[PDB]
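Taking it in order: structure first as structure tokens, then the write-up.
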Amino acid sequence: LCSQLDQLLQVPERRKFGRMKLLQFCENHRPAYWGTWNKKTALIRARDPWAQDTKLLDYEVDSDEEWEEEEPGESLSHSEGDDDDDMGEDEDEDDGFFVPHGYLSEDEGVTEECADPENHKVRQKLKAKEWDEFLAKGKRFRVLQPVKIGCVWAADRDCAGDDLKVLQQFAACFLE
Amino acid sequence: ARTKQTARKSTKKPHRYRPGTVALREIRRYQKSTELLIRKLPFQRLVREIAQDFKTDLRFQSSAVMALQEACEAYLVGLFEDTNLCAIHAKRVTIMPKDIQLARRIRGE
Amino acid sequence: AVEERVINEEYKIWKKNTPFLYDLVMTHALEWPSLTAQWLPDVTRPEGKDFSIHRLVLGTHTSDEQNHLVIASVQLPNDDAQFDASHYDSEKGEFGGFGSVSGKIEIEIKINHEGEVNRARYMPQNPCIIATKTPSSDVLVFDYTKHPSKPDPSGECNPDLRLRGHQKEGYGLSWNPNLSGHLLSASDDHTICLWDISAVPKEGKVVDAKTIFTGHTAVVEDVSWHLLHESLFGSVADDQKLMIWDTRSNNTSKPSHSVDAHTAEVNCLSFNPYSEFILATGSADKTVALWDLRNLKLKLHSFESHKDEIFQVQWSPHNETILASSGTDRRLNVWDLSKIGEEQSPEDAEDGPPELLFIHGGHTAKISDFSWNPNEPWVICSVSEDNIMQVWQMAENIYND
Amino acid sequence: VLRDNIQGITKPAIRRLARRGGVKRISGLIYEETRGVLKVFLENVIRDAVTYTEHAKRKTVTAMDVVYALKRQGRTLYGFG
Amino acid sequence: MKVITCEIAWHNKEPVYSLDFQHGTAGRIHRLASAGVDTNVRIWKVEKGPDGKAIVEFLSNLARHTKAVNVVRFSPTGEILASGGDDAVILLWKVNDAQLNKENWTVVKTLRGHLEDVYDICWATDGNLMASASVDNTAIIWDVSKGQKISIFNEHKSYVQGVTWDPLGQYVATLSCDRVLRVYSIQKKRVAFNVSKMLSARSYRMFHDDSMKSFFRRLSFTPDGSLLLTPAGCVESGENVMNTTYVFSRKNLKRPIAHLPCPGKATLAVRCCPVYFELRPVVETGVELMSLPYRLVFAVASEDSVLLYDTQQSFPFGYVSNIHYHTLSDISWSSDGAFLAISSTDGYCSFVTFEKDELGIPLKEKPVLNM
């Protein structure tokens, strides 16, 4: 390489329409356009982009008729509003909109045939589940792969022991 | 070298899909966005007040309230691109309240 | 007046005819014109999204305002989103739809810069470090990770490093893809400055002139490292001279090889990202000459399609045999090596030689700078002098047939 | 005192909803209409949920009532069933 | 056994809730109906493809529903179909002898009596008596022949998500969402059995409360009728409770014979294949749930998973999971049993194709049931 270099140196089908086409102009009041184009004219070529397109389209402005804005649009496009935010302080002592307070209100208003230690255990388990959900909220999107277990039977002994122990984990528990 | 120049200051409505050939797999729409983008407390106070308006001696859950939330903005976005398609068909880009009402009737609310 | 009107009408015609000739057009108008513009190797593809994100390093040309080095993040729709049947227009008979959801261009970080950024380039291995050229003799290095995102309220810039060896401004800067910290600089001082920043201390700010070349007798227009060679680079200057230097050579004044370029001054040079024996140089004589590194005496091919001086020439990380150049014609011309020596009808030849494949004349002003997207193929951003920045991509059938 | 929260809906929140749906131009007075549509749909939802919970013979409403109201009016809830 | 996720447009992405096969015809071809909130009842034709894949095609649509439908079940004859929506009305349909409907299906009867959203419907052992479940906390009885209300059971305190008819014709089993189970006589028309709590000997409720994120609590009698199956069970082995389903025999409807714990997700629907099979050769142990001269196989719908059990085995022989993104909605058995139609709440369905004899030999003569 270097040594030799030095030595020498010294609706219709989408597939029938083609690829999706997009165009956006900052200057247009016209909204950005995206659509598939299939019109075939030999007059509009890369060699002569500006050639007339007879019987194809009018060389007339459509952005102005598309959007003659002339309105208080607040210029939502950029540079304003995204960064603005406001904080506040609240009261949550009268009607508690919370897991512990909600559970307490539910248990006080509605009483069932459940032991108080059982109610405490259930509340703790529900709070733990909510906390685990909040922690797993950071997982966000997780692509999930399908799982399928075939017809494995006790008669067969050459089947995969992994699936065997997996289904053993799903045992049927009888009661006396 | 090169001559330079001074810069100038710079200033049909139900789109139901046919029973076949529809294998759309939008996964984002499955999972909750976890992006409230609403101030929780004006929402909460408003809900509390209208609830008192309807009935009294009642309690809520934060889960129920947040559920109310995503229901809100989900309906918002639904109506919202409905209004977008209307205004595009309405040959206009600035959104009018009549557009909201027309989309609302497109659903049939 | 007349020129402005004819350019406006030409642009209107191009605007009307672009649906048939382009697949991706993304135009924005800048606050200020940029002399520099380039991609980032990093791409952002968030899960659950129908779009991709890309990043851009540009500067500003302000006559009496604090010039800011700008990173711009740009939203690009996904390839998966490139095939979707949303709706159908009975009028146009296509799966069109104006809609409102589109990719957008966003400025992320602005860094104060002393004067206009003559040229901005970054580490080929570390987008954190970027080198900028100043109208002053100084050469400044900025790092977004090592600087607040918003530009400092103080007007004075805060360079992380300043490099010494040049006596005034210039328009040539390059980095070594194979060697870390190796900078090649060009200036009106008729000197070519080589600098190494890999050995700069953590708290160091001033970098000396590691190597100064003075073989050129005219204004060294541009300097660039070789894409594959670890010690070879070329230089182009106003003396219509194509000079080759070896850093291993013990003489910084005696060039490794001296071959004239054209009858007019040359502006830049470019090598293949894949090949290592062919380089492209643009000249003021409306010609771009190909040179085989096997023999520099005879030009491999001198393409001719412009009507004026050609400024910037760049090769393709996607396609080895694809080249385009832009100059004061405001026209960007895409050139293929597979059509070299191919017979064509005169109806396809009035415009020029069949060497050309495409022309981009969407520029109100002279095309300031362009860069080819290493991740997305055929994807190019170009900037005109009228703070006009578009991101564009031609029709797919013009190269894929 | 507790009757003047109709404007509690913030301009940043409404513009952010506008941004998610994809617009670039917004009306200036549309904001109160948005708040009113919000309010009516909120009310329909919550009253129907009350109908369930009362028919649930329950005091504190659950998000399950929210779900049933959602389907009764005719929309889908994802991840909560 | 192969599992096919159905990517096709079922109800243009609206979730499915109920589905049923055609019991009348034993042919390989099958007619399938589905329930969704589009207020649209869509008939689909399914059969095994040349590759054995369960490929489906649309047949006809019903759009009279002003409101969403929840439960859809054919007659045992299958000639007449029961349709139930939120609009608090149930219509009966029969095929009649249009661009997208190959056949027209017409309302035959107009039955009301639940003035609320409807959750469940049940056919009699003959298709002439009707059972239905709704929001209204009410158990109704209808005569298909005359199409008028005959019985109302108001004993429930919460919602009722599952009703079933004794194939023998002597019992009607109903559950409340209040973790309360009731069995009703036919001649007596009263609460024959009522079980909510069980002593171990600490006593606790066996079924899940309203706190569950499940919408349906479907269950079915065994086609033999000697075994009763109840999903959404709670087993408190220790300080915690765990999901399970209970199995009941005609000997005692108070104490179930046993239960099937289901770690993780919660059961919501229980269905039994209407075909019988020979006793599979196995060691003579207590593994089998019930000792019967002929075996039967059934499917159970959990929150996400479906599990397959037979008469001889306690552990599930067929296990499927992680197929539908949302929670499950309904499960249906083909008349031949070769097609097991899986419907969830995501918006799609899925199929598991069964090869002939893969589940044993169907009985040459179907054993009679003592009425």
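Chains as they are written, first to last, in PDB author numbering: chain A, 491 to 500, 548 to 713; chain D, 1 to 11, 36 to 133; chain C, 11 to 411; chain E, 21 to 101; chain B, 1 to 97, 112 to 214, 222 to 392.
In this text, a Cβ means the ideal position worked out from N, Cα and C, and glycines have one as well.
{"query": "Meets three-Cβ-pair contact criterion under 8 Å: the stretch 114-124 of chain C and the stretch 79-96 of chain C", "result": "yes"}
{"query": "Cα-Cα separation between C/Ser100 and C/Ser112, rounded to whole angstroms", "result": "23 Å"}
{"query": "Top-ranked residue by Cα proximity to C/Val217, from C/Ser146, C/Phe223, C/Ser208, C/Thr54", "result": "C/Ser208"}
{"query": "Length of the line joining the Cα atoms of D/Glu73 and E/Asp24", "result": "10 Å"}
{"query": "Contacts that B/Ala279 makes with chain A (C-beta to C-beta distance below 9 Å)", "result": "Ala709, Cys710, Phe711, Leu712"}
{"query": "D/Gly102 in three-state terms, based on DSSP", "result": "helix"}
{"query": "Interface residues of chain D facing A/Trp604 [CB-CB closer than 8 Å]", "result": "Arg116, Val117, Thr118"}
{"query": "Identity of the residues DSSP links to C/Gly244 by a beta bridge", "result": "C/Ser234, C/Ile254"}
{"query": "Within 8 Å, strictly: CB atoms of C/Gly292 and C/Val323", "result": "yes"}
{"query": "Of the residues B/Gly339, B/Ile80, B/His11, the one placed nearest B/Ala63, counting alpha carbons only", "result": "B/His11"}
{"query": "Chain E contacts from the stretch 586-619 of chain A (Cβ-Cβ distance under 7 Å)", "result": "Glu606, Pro609, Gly610, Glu611, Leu613, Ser614, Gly618"}
{"query": "Check whether C/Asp33 and C/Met404 have beta carbons under 8 Å apart", "result": "yes"}
{"query": "Straight-line Cα distance separating B/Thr5 from B/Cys370", "result": "7 Å"}
{"query": "Other residues of its chain near B/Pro383: CB distance less than 7 Å, five sequence neighbours each side excluded", "result": "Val296, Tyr297, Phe298"}
{"query": "Closer than 8 Å to chain E by CB, B/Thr66", "result": "no"}
{"query": "Within chain E, the residues that A/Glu667 reaches when beta carbons sit closer than 7 Å", "result": "Chain E residues near A/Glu667: none, gap ~12 Å exceeds 7 Å."}
{"query": "Among C/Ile140, C/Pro145, C/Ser147, nearest to C/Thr155 - alpha-carbon criterion", "result": "C/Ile140"}
{"query": "Simplified DSSP assignment, three categories, for B/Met212", "result": "strand"}
{"query": "C/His157, buried or exposed, once every other Cβ within 10 Å from all chains shown has been counted against 16", "result": "buried"}
{"query": "Simplified DSSP state of C/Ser146, which is helix, strand or coil", "result": "coil"}
{"query": "Sufficient close CB pairs (3 or more, under 8 Å) joining the stretch 130-138 of chain B to the stretch 66-79 of chain B", "result": "yes"}
{"query": "Distance between C/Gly125 and C/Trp42 (C-alpha atoms, nearest Å)", "result": "13 Å"}
{"query": "Below-8 Å beta-carbon distance, B/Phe58 vs any chain D residue", "result": "yes"}
{"query": "8 Å Cβ cutoff met for D/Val71 and D/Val89", "result": "yes"}
{"query": "Boundaries (first-last residue) of the alpha helix (DSSP H) holding C/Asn410", "result": "407-410"}
{"query": "Chain-ordered neighbours of E/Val57 on chain D, where CB pairs are closer than 7 Å", "result": "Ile124"}
{"query": "Opposing strand residues paired with B/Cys293 [DSSP bridges]", "result": "B/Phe319"}
{"query": "At least 3 beta-carbon pairs within less than 8 Å: the stretch 25-43 of chain E vs the stretch 75-89 of chain D", "result": "no"}
{"query": "For C/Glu57 and A/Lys676, the rounded distance between their alpha carbons", "result": "11 Å"}
{"query": "A/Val647: contacting residues in chain E (beta-carbon distance under 8 Å)", "result": "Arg78, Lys79, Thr80"}
{"query": "Residue-level contact to chain B via CB, A/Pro568, 8 Å cutoff", "result": "no"}
{"query": "Contacting positions in the stretch 85-100 of chain E - beta carbon closer than 7 Å to chain B", "result": "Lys91, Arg92, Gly94, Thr96, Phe100"}
{"query": "Heavy atom of the ligand HEM within 7 Å of A/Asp644 beta-carbon", "result": "In the structure on display, the ligand HEM does not appear, and there are no ligands present to speak of."}
{"query": "Neighbouring residues, chain A, relative to E/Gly48 (Cβ below 9 Å)", "result": "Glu608, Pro609, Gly610, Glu611"}
{"query": "The stretch 577-589 of chain A / the stretch 40-51 of chain E touching (three or more Cβ pairs under 8 Å)", "result": "no"}
{"query": "Range of the contiguous beta strand (DSSP E) that encloses C/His123", "result": "115-123"}
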